[PDB]
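# Just the first chains of my complex for now:
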Amino acid sequence: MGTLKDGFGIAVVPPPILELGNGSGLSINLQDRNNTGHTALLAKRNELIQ
């Protein structure tokens, strides 16, 4: 964060078993069942984030 004016470059300790998660493991996959495009799905993802 100090001397690397670049992309963010996060460092993290990996979990020993990836399938068991790290505490909170909520993963959301917003789908599109009507094939309305990509920008509408990104707008719905931004609305869900907000």
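Yep, that arrived. Numbers count the residues shown, from 1 in each chain, chains lettered A, B, ... in the order given.
# How many residues are close by residue A:41?
14 (other C-beta atoms under 10 Å). Heads up, the C-betas are built off the backbone N, CA and C, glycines and all.
# who's in contact with the host helix or strand of it?
Using DSSP states H and E, residue A:41 falls within helix A:39-49. Applying C-beta atoms under 8 Å, 6 or more residues apart in numbering, the contact partners of helix A:39-49 are A:28, A:30, A:32.
# give me that answer again for 10 Å
A:28, A:30-32, A:34-37 (C-beta atoms under 10 Å, 6 or more residues apart in numbering).
# just stretch A:12-22 next, same as before
By C-beta under 10 Å, 6+ apart, the residues outside stretch A:12-22 that reach it are A:23, A:25, A:27.
# neighbour-wise, which of the residues you listed leads?
residue A:25 (8 neighbours).
# ok, back up a step: send over the helix holding residue A:41 as PDB, restricted to the C-alpha atoms.
Output of helix A:39-49 as PDB, limited to C-alpha atoms (Å, rounded to 0.1, in the frame of the first residue of the first chain):
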ATOM      1  CA  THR A  39     -25.200  -4.600 -18.900                       C
ATOM      2  CA  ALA A  40     -28.600  -5.200 -17.300                       C
ATOM      3  CA  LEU A  41     -27.100  -8.000 -15.200                       C
ATOM      4  CA  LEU A  42     -24.300  -5.700 -14.100                       C
ATOM      5  CA  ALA A  43     -26.900  -3.000 -13.200                       C
ATOM      6  CA  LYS A  44     -28.900  -5.600 -11.200                       C
ATOM      7  CA  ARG A  45     -25.700  -6.600  -9.400                       C
ATOM      8  CA  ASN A  46     -24.900  -3.000  -8.600                       C
ATOM      9  CA  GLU A  47     -28.500  -2.600  -7.300                       C
ATOM     10  CA  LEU A  48     -28.100  -5.700  -5.200                       C
ATOM     11  CA  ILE A  49     -24.700  -4.400  -3.900                       C
END
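# while you're at it, add chain B from this line:
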Amino acid sequence: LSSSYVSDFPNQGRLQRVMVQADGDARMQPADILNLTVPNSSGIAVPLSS
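Chain B added:
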């Protein structure tokens, strides 16, 4: 009248097929087999009855 399959085309995010065939009234009677012409590599009709 054999309904040949040519290629695919995109529709609603999927890849559907394109099928080329004759119309309805050209494959109803066997008499269409009687006057089924050949290209003959010159342009002459040469009907199939001979």
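# same question on the contacts of helix A:39-49, but now with chain B added
Helix A:39-49 has contacts (C-beta atoms under 10 Å, 6 or more residues apart in numbering or on different chains) with A:28, A:30-32, A:34-37.
# quick check, nearest of the residues you listed to residue B:5?
Taking C-beta to C-beta as the measure, residue B:5 lies nearest residue A:35 of the contacts of helix A:39-49, at 23.9 Å.
# Quick one: residues contacting that closest one.
If a contact means C-beta under 10 Å, 6+ apart, then residue A:35 has A:41, B:11-14 as its contacts.
# Restricted to helices, list the residues you listed.
The helices, defined by DSSP state H, take in residue A:41 from the contacts of residue A:35.
# what's the closest non-adjacent residue to the residue in chain B that chain A sits nearest to?
Going by C-beta to the nearest C-beta, chain A is nearest to residue B:13 of chain B, at 3.7 Å. Once flanking residues are discounted, residue B:13 sits nearest to residue A:35: 3.7 Å by C-beta to C-beta, 6 or more residues apart in numbering or on different chains.
# what about that neighbour, which SS state?
Of the three states, residue A:35 takes coil under DSSP: H, G, I helix; E, B strand; the rest coil.
# any idea how far residue B:40 is from it?
According to C-beta to C-beta, to the nearest Å, residue A:35 stands 48 Å off from residue B:40.
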